[PDB]
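Chemist: Next up is a structure, given as structure tokens.
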Amino acid sequence: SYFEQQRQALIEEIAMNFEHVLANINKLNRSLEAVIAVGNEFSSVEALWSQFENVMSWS
Amino acid sequence: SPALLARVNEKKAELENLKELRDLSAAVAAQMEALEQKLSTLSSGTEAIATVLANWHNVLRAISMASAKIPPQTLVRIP
């Protein structure tokens, strides 16, 4: 079971790096959500100039 | 005779009134001439803004022709 012991230690090492990456993406995801939350000022503005391009093909 | 002296005095007052009316009518027509000048200036300003609409109208049509491309040279006019 020598290779089984190696398997155990290595899967635990994998779990370490795994959870490490999990924590990284979590702080990052908070950054992502904050970014879009700040960026949601483009509804009426986009709608406004959408109407602009709509009236270009109207007259 | 003396009644007629009073009559001519009445006519004197009437003539003074008429002279003032004549002067006023002349002044009126003068003001109409000035008015016509100012109105011409107004129309000139309006023509200027008509030029502005010509700018944006050509803009809009020029874009729409490019925007409506659904399937050249560089010859243009540069005053």
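In the structure tokens, each chain is lettered A, B, ... as it comes, each chain's residues begin at 1, and ligands are numbered from 1 in order of appearance.
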Output the contact residues of chain A with respect to chain B at a cut-off of 9 Å, based on only C-alpha atoms, as a PyMOL selection string.
Modeler: chain A and resi 56-57+59
Chemist: DSSP on the backbone, then: every residue of chain B marked alpha helix (DSSP H), written as JSON, numbers by chain.
Modeler: {"B": [2, 3, 4, 5, 6, 7, 8, 9, 10, 11, 12, 13, 14, 15, 16, 17, 18, 19, 20, 21, 22, 23, 24, 25, 26, 27, 28, 29, 30, 31, 32, 33, 34, 35, 36, 37, 38, 39, 40, 41, 42, 43, 44, 45, 46, 47, 48, 49, 50, 51, 52, 53, 54, 55, 56, 57, 58, 59, 60, 61, 62, 63, 64, 65, 66, 67]}
Chemist: How many Å lie between atom CA of residue B:17 and atom CA of residue B:30, rounded to one decimal?
Modeler: 20.0 Å
